[PDB]
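Undergrad: Once you've had a glance at the structure underneath, I'll fire off some questions.
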Amino acid sequence: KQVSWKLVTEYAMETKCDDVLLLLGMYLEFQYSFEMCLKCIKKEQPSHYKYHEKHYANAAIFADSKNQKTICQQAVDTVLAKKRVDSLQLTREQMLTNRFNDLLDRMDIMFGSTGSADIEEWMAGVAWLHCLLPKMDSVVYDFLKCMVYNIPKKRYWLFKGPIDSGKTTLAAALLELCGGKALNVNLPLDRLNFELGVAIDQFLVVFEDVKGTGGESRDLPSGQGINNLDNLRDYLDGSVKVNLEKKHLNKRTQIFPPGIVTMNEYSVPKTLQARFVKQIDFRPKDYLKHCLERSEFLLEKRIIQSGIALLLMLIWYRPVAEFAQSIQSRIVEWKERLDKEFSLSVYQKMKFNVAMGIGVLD
Amino acid sequence: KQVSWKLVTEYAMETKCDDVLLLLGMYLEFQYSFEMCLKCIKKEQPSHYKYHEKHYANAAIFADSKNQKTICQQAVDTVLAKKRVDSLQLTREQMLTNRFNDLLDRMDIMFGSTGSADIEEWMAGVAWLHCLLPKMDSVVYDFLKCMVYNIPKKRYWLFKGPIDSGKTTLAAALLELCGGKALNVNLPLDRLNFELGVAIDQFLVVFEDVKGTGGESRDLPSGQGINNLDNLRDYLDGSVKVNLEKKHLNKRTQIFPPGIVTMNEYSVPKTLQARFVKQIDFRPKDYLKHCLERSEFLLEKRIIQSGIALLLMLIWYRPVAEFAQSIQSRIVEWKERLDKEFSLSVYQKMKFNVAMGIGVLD
Amino acid sequence: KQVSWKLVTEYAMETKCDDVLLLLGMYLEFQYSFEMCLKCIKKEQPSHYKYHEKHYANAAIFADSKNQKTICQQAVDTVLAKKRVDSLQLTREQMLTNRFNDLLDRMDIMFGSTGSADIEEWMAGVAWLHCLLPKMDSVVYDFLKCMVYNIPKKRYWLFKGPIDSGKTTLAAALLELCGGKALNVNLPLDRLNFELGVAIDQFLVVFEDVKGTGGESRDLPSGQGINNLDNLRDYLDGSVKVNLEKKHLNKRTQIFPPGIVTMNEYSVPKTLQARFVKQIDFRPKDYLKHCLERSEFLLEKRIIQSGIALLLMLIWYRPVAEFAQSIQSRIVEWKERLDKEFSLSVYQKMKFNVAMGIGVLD
Amino acid sequence: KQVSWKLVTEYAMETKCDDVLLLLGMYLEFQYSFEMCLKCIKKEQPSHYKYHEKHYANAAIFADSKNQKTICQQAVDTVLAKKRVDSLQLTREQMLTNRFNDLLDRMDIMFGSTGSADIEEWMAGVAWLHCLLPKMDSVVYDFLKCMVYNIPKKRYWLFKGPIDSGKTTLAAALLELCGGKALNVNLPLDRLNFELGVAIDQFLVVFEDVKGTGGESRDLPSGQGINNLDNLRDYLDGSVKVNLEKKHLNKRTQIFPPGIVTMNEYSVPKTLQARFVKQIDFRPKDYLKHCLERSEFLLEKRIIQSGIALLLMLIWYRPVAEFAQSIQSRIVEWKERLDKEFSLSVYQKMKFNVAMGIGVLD
Amino acid sequence: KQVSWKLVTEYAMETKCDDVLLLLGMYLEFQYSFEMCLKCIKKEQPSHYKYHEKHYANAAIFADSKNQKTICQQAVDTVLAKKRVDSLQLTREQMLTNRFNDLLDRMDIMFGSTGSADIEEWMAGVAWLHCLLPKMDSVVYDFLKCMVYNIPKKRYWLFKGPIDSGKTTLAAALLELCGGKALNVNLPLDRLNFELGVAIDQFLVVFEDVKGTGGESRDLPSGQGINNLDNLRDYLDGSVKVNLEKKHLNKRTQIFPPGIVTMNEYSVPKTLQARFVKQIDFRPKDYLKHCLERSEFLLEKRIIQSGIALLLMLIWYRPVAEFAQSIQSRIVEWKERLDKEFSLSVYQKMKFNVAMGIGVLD
DNA sequence: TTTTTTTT
Ligand SMILES: Nc1ncnc2c1ncn2[C@@H]1O[C@H](COP(=O)(O)OP(=O)(O)OP(=O)(O)O)[C@@H](O)[C@H]1O
Ligand SMILES: Nc1ncnc2c1ncn2[C@@H]1O[C@H](COP(=O)(O)OP(=O)(O)OP(=O)(O)O)[C@@H](O)[C@H]1O
Ligand SMILES: Nc1ncnc2c1ncn2[C@@H]1O[C@H](COP(=O)(O)OP(=O)(O)OP(=O)(O)O)[C@@H](O)[C@H]1O
Ligand SMILES: Nc1ncnc2c1ncn2[C@@H]1O[C@H](COP(=O)(O)OP(=O)(O)OP(=O)(O)O)[C@@H](O)[C@H]1O
Ligand SMILES: Nc1ncnc2c1ncn2[C@@H]1O[C@H](COP(=O)(O)OP(=O)(O)OP(=O)(O)O)[C@@H](O)[C@H]1O
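The following block contains the structure:
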């Protein structure tokens, strides 16, 4: 009798494993009897204990195969092919739908029976989120939908604001919920051609603060950014496809993704200003600085800039109807838990602790 | 009959051998009758003499095969696969506990009946090391915990200061203890691709005497070191995953390992300086040299570079409860052996001899 | 009937051959009847005529095979594996002891019945080198010890002197004796990657006339030498492992071997001066030149730059007890043969002639 | 029935062919019925017409093979393997002897009945060459001895003179005589890596028209050559092996060949001047020009470039004793043939014509 | 039943195809029923309709093969092998004779019954070209012989004159007639290396439009080319071999091919002037311009660009004895066609019209 | 796939 290549391929699909070594390693673990399997008994890892008993007979024969890496290479191809199909076929909303469902799986397990971070800390995370600026959940929801629609011109917001104003901290966090990258335009125009290639295939993008050419009138350093960006008419508009470039590599073309421009409190051409839907001046805030100094568990469990923290803020504020239609069930199922475990008073109290800069958990 | 690839792969696992040439050479030694094997008789290498009798029959049949490198390739991939599975599943504490078991097994041999090392010399090494900086064991205990907790923007400590001030000496001992990697960045910005590629699946990394720009007024030549350092601060923050390269293999994404950086008293952008929890500056002391000059077996046997010396130091200084739980059995067993073999007065004799700059053994 | 891959592998072990083309070429020669083999009758190459009769029967079947390069590849891998195993398990003293046995075997051939070398001419070379510096044989013993002990950051010797000072000549003989490699560093800082990759598993290295800067004041055209080397301080220090690269191969990690650097009298950053444990200064001396002019067979046979000549010097000058215990047997036979073949008065007649700058022989 | 790979290997060996495509295309020609082969019947190519009839039957079966390029690859390997065996085992004298045997075979064809060459035209070339420098044939003999002996730091000859003075003409003939390669060092310092790679296994090399810097007073266009070349001083000296590189290939290690440097009349750094064992001035002369204008069949047939011309000069001038012992038999036969063809008066008449600047013939 | 690899190789040989994909695609088309094949019925492409009926049976089995690309590779190799045999063995006269046969085959189609060309319009082309220079037909015949004999120094021709005076038109037709490549030497000196790499194995080269320096007074834009050419003396004189490079390939060594240089009226150094056999002056002539206006089917169909036009000019003007002896039989048949198709009065009326600057046809 | 080319 012989290895079923089919069963190996199922496991790769189910785990969504797409590293051949990782697939090989884990599947070999099943070769011992599941009947006594201590990893199963300890319930350490679902990717093991959910599967061992089913795969056991096949894994034994797999361990005797002389061909093992070849089996795994085909299985990894299957998962990569699946991704490339979906990546071409599906809508931006379907794509965001799936990423929500993915992060809602981390929501599921992180506070599952292992509880390996206390959900309450993430409530305090939500508190130090929603303090930041007016209606912060709605400002998120608005900018999120703006980026899903990817409507031409209506695509770029201007995060003005000085040093440590938090703009980078927030925009970086949002890319967990979506994926993307940040960019540089202060490096001179000969380099810029290659800098632009970093935007390729990004679901979202962001820009570094312009060291704007005029900013040293404000004593804000003047790299090439302002005149560079003011000249890049289409890229912001996303009206048509454009070419993009990388070292040692050929050109490619697509519509240039939507995004964010951050800056310090720079001077700007009215033409470049006309490229933006919004401008906001972020600022450091005197409660918030001391509150973080007093609330550092939010940094320790890596809460603050997690998409999971944005996801909770979103789940807490936003109506079920505002979410991806089928996932709305899962949204109810978490509105259940979050409002079950946490009163509005502790939530309000936590926000009031920020409202006085005292440490959030109290 | 035919080769058991299974028996080959077991040896590769139990040696934890992960080089295909090394494995091939090793296994071919077993083709002779262990009945006369001089290496067995000499008890020359455990990786041989423990296994020769068991594998002899299979090695004879292996010696005739025409597939020999292919057999070894599959066996090596099994070992790499095991590492990759541990890499993602284990806690950083669990990793460290494994690492310590490996070192303890080696010490069991080194000071065993084979006994090629004598612990008095290594204890003199401990004395020299604990003399090198105040409360050395305690500063080590801090670094270990910091490295296990892996707190972002706090993942790195920097050593500054003149040559021959021991920063390398200490880095070497810690790196052996942790099983990290050294890395270089004083290099073409592009070629960092595979260099950082080595950071795949490592607990810890070290960057050596990396070059500032300016300070050549003090005979410190400018170089790409500090450029590449103050660039890549995300790798020092560690809040961010990076995709890492190897030849003829996929790129793989992970959080970059935490680490140590070292320099002489170069220039350093404050933007980079922000990343380091401790930034300690190392400077020479001469009585150490006079001791070394009189104690040169310390350097000749590289004792003061070994992580083994640090582990001996931690056994001597730290409470049993400060160790990870499972090994505390072995900790106690070694504390017995140390405190049995050495009075404190012997350790005093050593340590004042060190401080006095006289030969430690006396 | 079929090819024995085993017999091929033995021949590669026997010859220590490790180029697949050289292996293939030489094994093919055995296809003709050794009974008639003109090369055997000439007794021209030992690696042929020792083996032809044994391998003839298998070579006839190899000559028909369709796999030939594959059979040779496996054999070369077996030899390379043996090197890897030895490199990881021998003491440096055993490695050197093996190297000396190989040279002694060549000497047995050279001065054997085939006797192509004249031991008088070779001993004249010993007199010339023993004259080149004070206490020459003592200096060689010091260097050997230093390379065997391999004390970290006490690992490199610097040779300085004007052109035709003889520093290259001395370095060449030492390099043959220990079997290192020479390397160039007066080079662009990128391709150093594959250049230094040659040092993998080598016992010793030499860097040549390494170009400094500001040298035109002394008519030394400046270059990248000193610039590059004061980067690689760790490679000199040998305090930690480093990663070495080859084409189509992933990096190998190991300590970088000890060695020698040669220098016309450029400037030196003391960051670099710190790492040479010793420097020797060389001077042109015209009477040696007159001797060479009258004694051209020294150069034509390259005698004065062969490690064979250094070995003969050591046999003449050093106690038998200084040699590693096993070869002391062979050493005694060569001491006897030398004392038989030369009176001291003949050697004194030579050293006198060398001092006079007359042709060595009279 | 099946293809004899052995017969293909024989054909490759006998034709000394080492291009897989040329070997393939050649062997395929034999598949047509030998008895009609117009290439045979017109006696156009010895590499065809000697072999077609022998190889015919196997060529027909080879034409049907599904495996054709694999068969050719194996055959080409054995030809390459033989070259490497020879490179490591022949004396430099034997190499030159073999090279001479090959040219002498070509001369048997050129002046055969099938031979198109006019021996009188080729002998006219020798007259022109013997005029180009004093004691021309003695100079050739001295150069040959120098190349055979390959004495370190006494290995390189420098040619200089005005443009149109004869220098590359003479270099070309020596290079065809000995075999070797020309190289251009007036380059950026990076691609020197692959440029110098060409020297692998070569006997001679020639550096072509190395450019100095300054001396544009003498209308000399400046370039990298001299300053660049002075960095490679050890490649000239040849005291020690060096490492050489080809595209997509690992570094080879060997001693860098001896050879010739050509330039117009720049000045030379005496670090490099010291390395030239001999220097030859070339000067324009009117009678050579006027003779050559009236003797253009010399140029039209490339006579004065070609190694056959230098070989003919040596056969005329040098004693039989000076040739390596085995070729003395063929040398004697060629001497008889030449003396039978040309009286001394005819040769002296030619020389007098050249001196008079009339066309060589009369 | 089996695929015949032989029948594929015959098709590849007969089509002279040497792209695997082009070979593959065309063979697959034959799998459909030849008897109704629409492409056959249209007589659309000779590479198809001549062959479909023959290969149909094998194409059907080929369509089921699992080895398809492997079969094609071996076939394409056979075509490439034929080219290298030819390149190394044919005389330059035979090369040209082959090239003419290819053009004559295309003309048989073009002016066939299926032939879409009009022999009258193509003869109008010849009338215009014969007016472009005095003695045009003799000038071509001289150029061809100069290329065939390839006599050193006597190798290169210079085309000179104002912009829009036809020089590149004539170069292009000659380049099509002989086969060859254009090259641009106006580059900086570094990239010239890969540029000249294009010349490998070519028959002719054209140096397009080399820019001088100065003559900006005459509005001529300056550039490197003239200086670069003056630095390539040996490539032009073609007396000795040179090394040539391609991307990702090792160098090859050959005589650099003969060719043409073209320029506007820059000043030419005498060093460069001496390199050229012949200079041809091109001048604008209004009557050609007004003729082209009223005869633009010449331009539209690219008639005056084509080597096919020049071949017709040779056939009309040259005696049959001037052609290579084998093709003289075809030449007579084409002369016979042309004599039947045009009286001299018809042709001379066209020449008169061109001299009037009137449209060619009346 | 890298290496080489590109990049610089
Ligand atoms: N309101 C705030 N007041 C003070 N500190 C803050 C505030 N918000 C965030 N921070 C802290 O400051 C860090 C830096 O913030 P961030 O980089 O996002 O600011 P920035 O405005 O984009 O800065 P810069 O203009 O200097 O690039 C944050 O990661 C957080 O630790
Ligand atoms: N504080 C010290 N006092 C005296 N000797 C020291 C001291 N620290 C190190 N050494 C000696 O200096 C030599 C090198 O030590 P080490 O490489 O660790 O220093 P370093 O400061 O890291 O040097 P570098 O800057 O060259 O890397 C060793 O011989 C070591 O014993
Ligand atoms: N001390 C000496 N006195 C005189 N002649 C010497 C001396 N040493 C070497 N020679 C001569 O100089 C030649 C070259 O010697 P060597 O290459 O070893 O010198 P070097 O100083 O290392 O030179 P370089 O800097 O050119 O590499 C020797 O072959 C010998 O002919
Ligand atoms: N000594 C000479 N006197 C006169 N004419 C010469 C002389 N030597 C060569 N010639 C002519 O000069 C032509 C070019 O010679 P050669 O190819 O050796 O050129 P070069 O300028 O001397 O060398 P290079 O190009 O290497 O600098 C010869 O083909 C011949 O026509
Ligand atoms: N002798 C001529 N007299 C007038 N017009 C001409 C002549 N030769 C060419 N033409 C016109 O010039 C146009 C371009 O010709 P062509 O491209 O050969 O010119 P060129 O001067 O050789 O160009 P370039 O130097 O830019 O490559 C032709 O299409 C035709 O219209």
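Chains as they are written, first to last, in the UniProt record's numbering: chain A, 266 to 627; chain B, 266 to 627; chain C, 266 to 627; chain D, 266 to 627; chain E, 266 to 627. Using N, Cα and C, we set each Cβ at its ideal position, and we do this for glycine too.
For the candidate residues 436(C), 293(C), 322(C) and 494(C), whose alpha-carbon lies nearest to that of residue 527(C)?
TA: 436(C)
Undergrad: Taking 7 Å as the cut-off, is the C-beta of residue 444(C) nearer than that to any heavy atom in ligand 4?
TA: Residue 444(C) Cβ: outside cutoff for every heavy atom of ligand 4.
Undergrad: According to DSSP, is residue 472(A) part of a helix, a strand, or is it coil?
TA: Residue 472(A) falls in the strand class under three-state DSSP.
Undergrad: Could you tell me how far apart the beta carbons of residue 347(C) and residue 290(B) are, in whole angstroms, since I believe they sit closer than 8 Å?
TA: Rounded to the nearest angstrom, the Cβ distance from residue 347(C) to residue 290(B) is 6 Å, consistent with a contact under 8 Å.
Undergrad: What are the residues that DSSP puts in a beta bridge with residue 445(D)?
TA: 469(D)
Undergrad: Can you tell me whether residue 562(C) sits near ligand 2, meaning its C-beta is under 7 Å from at least one heavy atom of the ligand?
TA: no
Undergrad: Measuring CB to CB, does residue 516(D) end up less than 8 Å from residue 463(C)?
TA: yes
Undergrad: For the 8 Å Cβ check, are there 3 or more pairs between the segment 523 to 539 of chain E and the segment 464 to 477 of chain E?
TA: yes
Undergrad: Taking 8 Å as the limit between beta carbons, can you name the residues of its chain near residue 419(E), skipping five residues before and five after?
TA: 411 and 542
Undergrad: What residue range does the alpha helix (DSSP H) around residue 585(B) cover?
TA: It is not in any alpha helix (DSSP H) - residue 585(B) carries neither H nor E in the DSSP assignment.
Undergrad: Would the beta-carbon of residue 616(E) be found less than 7 Å away from any heavy atom of ligand 5?
TA: no
Undergrad: For residue 359(E), name the three-state secondary structure that DSSP assigns.
TA: helix
Undergrad: Would you say residue 498(C) faces chain B, with C-beta separation under 8 Å as the test?
TA: Judged by the 8 Å Cβ criterion, residue 498(C) is in contact with chain B.
Undergrad: Please go through the segment 294 to 359 of chain E and give each complete alpha helix (DSSP H) segment of 4 or more residues, from N-terminal end onward.
TA: 303 to 307, 311 to 314, 317 to 329 and 333 to 354
Undergrad: Kindly indicate if chain E contains any beta-carbon less than 8 Å away from that of residue 333(D).
TA: yes
Undergrad: Do residue 480(D) and ligand 2 come close, with the Cβ less than 7 Å from some heavy atom?
TA: no
Undergrad: Would you mind reading off the limits of the alpha helix (DSSP H) that contains residue 398(B)?
TA: No alpha helix (DSSP H) contains residue 398(B), which DSSP labels as neither H nor E.
Undergrad: Identify each residue in the segment 405 to 424 of chain E for which the Cβ-Cβ distance to at least one residue of chain D is less than 9 Å, and report them in chain order.
TA: 414, 416, 417, 418 and 419
Undergrad: Taking buried to mean at least 16 other C-beta atoms within 10 Å of its own C-beta, is residue 570(D) buried or exposed?
TA: buried
Undergrad: List the endpoints of the continuous alpha helix (DSSP H) containing residue 593(B).
TA: 593 to 606
Undergrad: By Cβ distance, which residues of its chain are closer than 7 Å to residue 308(C), with the 5 residues on each side in sequence left out?
TA: 314 and 379
Undergrad: Going by the DSSP bridge assignment, what does residue 508(A) pair with across the sheet?
TA: Paired residues: 518(A).
Undergrad: Can you find a C-beta in chain E that's less than 8 Å from the C-beta of residue 565(D)?
TA: yes
Undergrad: Find the nearest neighbour of residue 434(C) within the set 434(D), 417(D) and 443(D), judged by alpha-carbon distance.
TA: Closest by C-alpha distance to residue 434(C), out of 434(D), 417(D) and 443(D), is 417(D).
Undergrad: At a CB distance below 8 Å, what residues from the segment 428 to 439 of chain B approach chain C? Give them in sequence order.
TA: 428, 429, 433, 434, 436 and 437
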